[PDB]
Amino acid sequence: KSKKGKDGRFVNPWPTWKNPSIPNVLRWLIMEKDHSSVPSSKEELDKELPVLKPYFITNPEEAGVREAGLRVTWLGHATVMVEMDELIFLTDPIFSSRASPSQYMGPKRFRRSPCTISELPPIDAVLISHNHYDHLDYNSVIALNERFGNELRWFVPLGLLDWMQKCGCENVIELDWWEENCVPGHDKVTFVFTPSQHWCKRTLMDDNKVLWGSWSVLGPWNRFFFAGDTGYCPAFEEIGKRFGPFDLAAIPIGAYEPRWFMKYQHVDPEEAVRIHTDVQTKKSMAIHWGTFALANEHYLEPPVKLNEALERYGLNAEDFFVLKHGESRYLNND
């Protein structure tokens, strides 16, 4: 322990130790989402954003990794299924149509989930970046703990242990910044909770009662990063130094409109490539975007801006790629 940014707790709750943060939010009702991307008749969306059928549906076998490499599947938004070092773990699972506490108001995904809970292979762990309704889905937790359970190791930030138990999960681990743990079975892999510049909120006045963050999974064979939700911040340089080089990093590239406002909690594609450089990863996956309209940008804009920023930094789509809904990708290491 020499020079890591730690928490990061004001009076009772946690602010971001990062300097760029400014405290002023006015939340989500009808206001900035509105319709400035204008998703048209679904056939348009099928052409632009085709939802694929994941490999583990047609071929339920083959869903391991056979050590060596690293397989990844994008299940919309921040839902990512990662297979490595004899483990298959999900990240920020959202399978409901609506990311909201109500059934009558809230952002409803314009792209259906590539698969269902019953159809996915045996999960060994779930990673929760923060507690927002588009990353933490009550019904999804219910489904996973109904099919899985005790066998499902939930890795959550500080403050969500109570919530997880109230949902009905027994194998739950609260982690603080730079804290680590593992799956009981496979001790060779370590799951570390690492900083991020975001916030937490589900109800009134519980703002930041629970922590946010990012996850670093250190296997013997593969190293993986998952940013979650964040604006640009110096803690990703710290992550790239302490850990790294990583094999895959999942970086949000969406919901970066009113930068003047979002920039403190949401990178844009330029800042996303900035993250990719910071974390010292070999490859990066474009998560967020494409699933929910959580900001004002055109729903196809973030990939275009990502390619522009990639060219800016002298990189190619190979280094930082965007998948289709349900598409998979295998990556074998040196």
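One-based numbering along the sequence shown.
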item: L323 dropped in a third or more of the other entries; value: no
item: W28 left out of the model in a third or more of other PDB entries; value: yes
item: Entry-level comparison of average CA B-factors, 285 to 293 and 42 to 50, reporting the higher stretch; value: 42 to 50
item: Mean C-alpha temperature factor, higher of 165 to 173 and 133 to 141; value: 165 to 173
item: Given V304, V267, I57, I30, the residue at which the Cα B factor reaches its maximum; value: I30
item: Residue with highest C-alpha B-factor in the PDB entry, from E119, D229, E151, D92; value: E151
item: Ranked C-alpha temperature factor of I22 among modelled chain residues, by third; value: highest
item: Assigned third (lowest, middle, highest) for the C-alpha B factor of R274; value: middle
item: Third of the chain, ranked by Cα B-factor, where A309 sits; value: middle
item: CA B-factor placement of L70, once the chain's modelled residues are sorted into thirds; value: middle
item: Ranked against its chain, the third holding the CA B-factor of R112; value: middle
